[PDB]
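1. here is the input, now give the coordinates:
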Amino acid sequence: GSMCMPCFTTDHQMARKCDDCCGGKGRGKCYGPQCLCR
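-> Residues are numbered from 1 along each chain as shown. For reference, the structure is listed below:
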């Protein structure tokens, strides 16, 4: 699908994980339930 991985509000480190999925610092955004690569 569009998302690299989910974003869950209950994971306080979701932003870091989403960046990891998307290849590093600043590369992913949590937008609602989806981590999307910028």
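
2. just the strands in this structure please.
-> 5-6, 28-31, 34-37 (DSSP state E).

3. pipe these into a markdown table and attach mean neighbour count and distance to residue 20 per row.
-> From N, CA and C alone the C-beta is placed, and that goes for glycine too. Below are the strands of the chain laid out as a markdown table (neighbours: other Cβ atoms under 10 Å; distance: least, Cβ to Cβ, whole Å):
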| stretch | mean neighbour count | distance to residue 20 |
| --- | --- | --- |
| strand 5-6 | 16 | 9 |
| strand 28-31 | 18 | 8 |
| strand 34-37 | 18 | 9 |
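
4. next, format these as TSV and append distance to residue 12.
-> Rendered in TSV, the data for the strands of the chain read as follows (distance: least, Cβ to Cβ, whole Å):
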stretch	distance to residue 12
strand 5-6	15
strand 28-31	12
strand 34-37	15
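
5. what sits against the residue nearest the centre of the chain?
-> Nearest residue to the geometric centre of the chain (Cα atoms, centre = their mean): residue 18, 2.6 Å. Contacts for residue 18 (Cβ atoms under 8 Å, 6 or more residues apart in numbering) come out as 4, 5, 7, 28, 29, 30, 35.

6. ok, of the residues you listed, which one's closest to residue 22?
-> residue 28 (3.4 Å; Cβ to Cβ).
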